[PDB]
Amino acid sequence: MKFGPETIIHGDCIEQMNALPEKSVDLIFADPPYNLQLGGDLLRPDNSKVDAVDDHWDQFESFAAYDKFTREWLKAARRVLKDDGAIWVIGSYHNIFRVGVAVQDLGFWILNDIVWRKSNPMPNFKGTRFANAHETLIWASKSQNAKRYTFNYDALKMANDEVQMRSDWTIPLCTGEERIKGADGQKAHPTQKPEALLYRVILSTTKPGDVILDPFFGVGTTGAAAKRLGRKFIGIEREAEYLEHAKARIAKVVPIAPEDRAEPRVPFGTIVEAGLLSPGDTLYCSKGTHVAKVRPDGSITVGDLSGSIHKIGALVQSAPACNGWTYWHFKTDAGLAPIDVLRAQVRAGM
Amino acid sequence: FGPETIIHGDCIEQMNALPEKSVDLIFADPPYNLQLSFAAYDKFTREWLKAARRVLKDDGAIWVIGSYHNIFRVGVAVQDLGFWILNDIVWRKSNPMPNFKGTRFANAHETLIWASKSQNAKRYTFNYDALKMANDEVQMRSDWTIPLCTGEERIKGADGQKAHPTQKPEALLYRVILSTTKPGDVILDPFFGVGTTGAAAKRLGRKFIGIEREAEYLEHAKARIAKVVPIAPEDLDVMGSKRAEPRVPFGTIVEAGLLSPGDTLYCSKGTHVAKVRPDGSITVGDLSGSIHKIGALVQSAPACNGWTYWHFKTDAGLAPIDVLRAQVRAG
DNA sequence: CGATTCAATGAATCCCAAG
DNA sequence: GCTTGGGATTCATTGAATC
Ligand SMILES: Nc1ncnc2c1ncn2[C@@H]1O[C@H](C[C@@H](N)CC[C@H](N)C(=O)O)[C@@H](O)[C@H]1O
Ligand SMILES: Nc1ncnc2c1ncn2[C@@H]1O[C@H](C[C@@H](N)CC[C@H](N)C(=O)O)[C@@H](O)[C@H]1O
């Protein structure tokens, strides 16, 4: 009953949370199974198989079975949460809307939805959808009548900080050395979250010494980040082999003192989308002997051939490479000007 | 249907008046709160989505956009009513409004949901190659960076104030329409507002049907859409998918004369050789079949594209047989 | 050694036209 | 509607293998 700074519990999160005292934790971070509902095998363009999340703990018979599970552990989570505490839940489109409805139905007050913008997600291989390049976190206090939840706005110096105050966080996947390897040399856990995501949650909505509960502990990512930042934690996980890796990982964590951005692309298609050029407009060269027509997707046409400003600009000169930004010009009131001016105009607004 | 249709009234009553399976795409920006209780909003949400699904064609899709206040309500009703989510989209606002209150994170995004009408109707419009071109030749992702609707695009009312509190940017609808419709498709917007969907639809050569209950918003929408310069249809072409090129069976390459029975095909390294058959099959020793089944068998692969795998001898060296398919398509 | 080329992989609801 | 099989499809990053 008298826990230490690190507590790892083997069992089902509903049963184990119900055994904890009520109003006992300052923050809850939940990474529940998403119930991806995958049909079958997916192959990369080189015919190699994707190691998909097909584990038994992500299989649910239906939406209704997932909703009953969701409302059950959320109710147990709300019981052990302190009155001035908060909960974080993460998901993708497969589940985050069902989690969010259950969060609101149980009396939580959603303060923000936070987007985890993945810099290096697995792409869409067949060309059937947009690349699923993000996940969604929900940050909610225990009630809208709650006294005062924790939000370290003045401590983190977030006043007018254009990157900290944003509700979208650009963070890479958990790969490389941080990705814990199992006994077979492969990944130990299929859905391990990057520690950098947990750092932003912990440092913004907890104080040193606070108790963080993770009812889906996995390989102990919440615990490793809490211990490194001077927070106490309680982890619950059903799988014993994940807990073996979590215990060995956390024992190697050295607590630090917590007080201790790539260039974005500007596609030509964005300039046409913004209306700075219209589809059907004409692009000229420096002299005006070569012309191209703008298409709605940022491609351009010369004769019967179409393509990007760089491929077509290279074809119109019979040259290997070409920088279409400096080669193509658009008519203004003062004559021809390179489309690179419009690229700098959109770039300055980003 | 008509290129431009604007209807004054309630979206549930009006959508029920339309014929079934008549619209290709639905874009919905519902109000956050119901009347200017979650139970009331959930019933309203379930009613207009159910009415929208009936009007949608079997191969159509729906877009909804909201904030954290209501998007979970809408997302659950979308899934529950039989829609199948393809993506949720994050509109990252390039220039978000600053939040100096210091109590929450600054609202720098909104969420969109793109879903086909049902799960097993997997034929839906998605112009993958056009959007890849639009994203500098890397495939378009679920995170979109688009500025807020500001400047002269923000429709002003009398006395100079903003006319609509939740007017969406045209560039956002431009990417929606560019990606999930074709020229000629009809787009239904049951929450028209000041006509953002219509202005973008008219620009890209799409029909639209707008429904809005406030007459003051419809006067602004009509005047705004009238000033939209429509792009000529010959300028609405985008990059196409190779899945829609005229199929040239390999049996036609042999019957034409570009390859003869007895010719040998090679892999990239030249270690896998196959002989051409009269009917278009190829043989590797005792194995015989199509250029795709044999190409996969000779390298122990589940699948293979024989057009890029097999090569025929030319004056410059090994050239893929896809070169010969291009010659047939050139004529 | 450094520079250049391969190989691997990540929460994924991932084909579609012809008969 | 179903089945069949042609043939289309990948981004960022890490770390080893090769030159
Ligand atoms: N009912 C349950 N009680 C406890 N743990 C569960 C239960 N159901 C699923 N789990 C586990 O929850 C974990 C879900 C993971 N997404 C968590 C990974 C964790 N965030 C990490 O970074 O390592 C899986 O390891 C499941 O085994
Ligand atoms: N029941 C209803 N039927 C039709 N329109 C409604 C209804 N309820 C609210 N509306 C309107 O729907 C609009 C919701 C807006 N968010 C849409 C704005 C629109 N996307 C724009 O860019 O202008 C508001 O103008 C509402 O007045």
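Below, chains carry the letters A, B, ... as their sequence lines are ordered, and counting in each starts from 1.
The salt bridge (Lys or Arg N to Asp or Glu O under 4.0 Å) check on A/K252 picks up nothing, with sequence neighbours excluded. Residues passing the side chain to side chain contact (heavy atoms under 4.5 Å, CB included) test with A/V50 are A/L42, A/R44, A/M122, A/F125, sequence neighbours excluded. Remark: A/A30 pairs with A/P32, A/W73, A/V89, A/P215, A/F216 by the side chain to side chain contact (heavy atoms under 4.5 Å, CB included) rule, at least two apart or across chains. By the ring-ring contact (aromatic ring centres under 6.0 Å, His included) test, B/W114 is found to be paired with A/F130, B/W63, B/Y124, B/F126, residues two or more places apart in sequence or in another chain being considered.
To the nearest angstrom, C1' of D/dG6 lies 16 Å from CG of B/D279. Distance CG (B/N120) to P (C/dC16): 14 Å, rounded to an integer number of Å. For the pair A/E178 CD and D/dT13 P, the interatomic distance rounds to 15 Å; values are reported in whole Å. Distance NZ (B/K242) to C1' (C/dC15): 14 Å, rounded to an integer number of Å. Across the protein-nucleic acid pair, B/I282 atom CD1 and D/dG6 atom P stand 11 Å apart, rounded to whole Å. Going from atom CG of B/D58 over to atom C1' of D/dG1 covers 12 Å, rounded to whole Å. The distance between atom CZ of A/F97 and atom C1' of C/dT13, rounded to the nearest whole Å, is 13 Å. Here the P atom of nucleotide D/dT10 and the CG atom of A/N47 are 14 Å apart, to the nearest Å.
Side-chain proximity of B/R325 to the nucleotides D/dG6, D/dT9, D/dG7 is greatest for D/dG7.
Phosphate contact (OP1/OP2 of C/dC14, side-chain N/O of A/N124, threshold under 4.0 Å): absent. For B/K122, no side-chain nitrogen or oxygen approaches OP1 or OP2 of C/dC15 to under 4.0 Å. Side-chain nitrogen and oxygen atoms of B/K132 include at least one within less than 4.0 Å of the OP1 or OP2 phosphate oxygen of D/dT10. Between B/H292 and the phosphate of D/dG6, there is no side-chain N or O to OP1/OP2 separation shorter than 4.0 Å. Side-chain N/O atoms of B/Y309 include none lying less than 4.0 angstrom from OP1 or OP2 on D/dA8. In terms of phosphate contacts, A/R265 brings a side-chain nitrogen or oxygen within less than 4.0 Å of OP1 or OP2 of D/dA12.
Where B/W307 and A/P172 meet DNA chain D, the nucleotide closest to each residue was compared, and B/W307 sits on the side nearer the 5' end. Of the residues near DNA chain D, B/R141 and A/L43, the one whose nearest nucleotide (by heavy atom distance) lies more toward the 5' end is A/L43.
Rounded to whole Å, the separation between the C1' atoms of D/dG1 and C/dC16 comes to 15 Å. For C/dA3 and D/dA17, the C1' atoms lie 13 Å apart once the distance is rounded to whole Å. C/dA7 and D/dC19: their P atoms are spaced 12 Å apart (whole Å). A gap of 13 Å separates the P atoms of C/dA17 and D/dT9, to the nearest Å. A distance of about 16 Å separates the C1' atoms of C/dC6 and D/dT10, rounded to the whole Å. When the P atom is compared between D/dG6 and C/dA12, the two are found 30 Å apart, to the nearest whole Å. When the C1' atom is compared between D/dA8 and C/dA11, the two are found 25 Å apart, to the nearest whole Å.
Judged by ring centres closer than 5.5 Å and planes tilted by less than 30°, the bases of C/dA8 and C/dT9 are stacked on each other. Stacking between C/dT5 and C/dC6 holds: their six-membered rings sit with centres below 5.5 angstrom apart and planes below 30 degrees. Using a cut-off of 5.5 Å between ring centres and 30° between planes, the six-membered base rings of D/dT13 and D/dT14 qualify as stacked. Here C/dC15 and C/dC16 show stacked bases; the six-membered rings are centred less than 5.5 angstrom apart and their planes meet at under 30°.
Sugar pucker annotation for C/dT13: north, assigned from a positive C1'-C2'-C3'-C4' dihedral. Nucleotide D/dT10 carries a north sugar; the sign of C1'-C2'-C3'-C4' is positive.
Under the Watson-Crick or G-U wobble criterion, with both distances below 3.5 Å, D/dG6 is paired with C/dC15. Within the shown strands, D/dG15 is the pairing partner of C/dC6 under the Watson-Crick or G-U definition, both distances less than 3.5 Å.
For A/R238 and A/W57, the positive end is not near the middle of the six-membered ring at less than 6.0 Å and at most 45° from its axis. A/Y66 does not carry A/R98 over the face of its six-membered ring by the limits of under 6.0 Å from the centre and within 45° of the normal.
Between C/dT9 and D/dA12 there is a base pair of the Watson-Crick or G-U wobble kind, both of its two distances falling under 3.5 Å. The base of D/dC11 engages C/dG10 as a Watson-Crick or G-U wobble partner, both distances under 3.5 Å.
Glycosidic conformation at C/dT13 (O4'-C1'-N9-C4 for purines, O4'-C1'-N1-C2 for pyrimidines): syn, within 90° of 0.
Atom CD1 of B/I65 sits about 12.0 Å away from atom CG of B/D88, to the nearest 0.5 Å.
Of the possible donor and acceptor atoms, one in the side chain of A/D297 sits under 3.5 Å from a partner among the backbone N and O of A/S299.
For A/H94 and A/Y34, the gap between ring centers reaches or exceeds 6.0 Å.
For residues 322-331 of chain B, the pairs satisfying side-chain hydrogen bond (donor to acceptor under 3.5 Å, both in side chains) are B/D322-B/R325, with sequence neighbours left out.
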Identify each atom pair where a protein N or O and an N or O of nucleotides 8-12 of chain C are less than 3.5 Å apart, giving names and distance.
from: C/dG10; atom 1: OP2; to: A/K187; atom 2: NZ; distance (Å): 3.0
from: C/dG10; atom 1: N7; to: A/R44; atom 2: NH1; distance (Å): 3.4
from: C/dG10; atom 1: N7; to: A/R44; atom 2: NH2; distance (Å): 3.0
from: C/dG10; atom 1: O6; to: A/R44; atom 2: NH1; distance (Å): 2.3
from: C/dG10; atom 1: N2; to: A/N120; atom 2: O; distance (Å): 3.2
from: C/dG10; atom 1: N2; to: A/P121; atom 2: O; distance (Å): 3.2
from: C/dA11; atom 1: OP2; to: A/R179; atom 2: NH1; distance (Å): 2.9
from: C/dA11; atom 1: OP2; to: A/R179; atom 2: NH2; distance (Å): 2.9
from: C/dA11; atom 1: OP2; to: A/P190; atom 2: O; distance (Å): 3.4
from: C/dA11; atom 1: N7; to: A/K193; atom 2: NZ; distance (Å): 2.9
from: C/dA11; atom 1: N6; to: A/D31; atom 2: OD1; distance (Å): 2.9
from: C/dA11; atom 1: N6; to: A/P32; atom 2: O; distance (Å): 2.9
from: C/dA11; atom 1: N1; to: A/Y34; atom 2: N; distance (Å): 3.0
from: C/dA12; atom 1: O3'; to: A/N132; atom 2: ND2; distance (Å): 3.4
from: C/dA12; atom 1: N6; to: A/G40; atom 2: O; distance (Å): 2.7
from: C/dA12; atom 1: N6; to: A/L42; atom 2: N; distance (Å): 3.3
from: C/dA12; atom 1: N1; to: A/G40; atom 2: O; distance (Å): 3.2

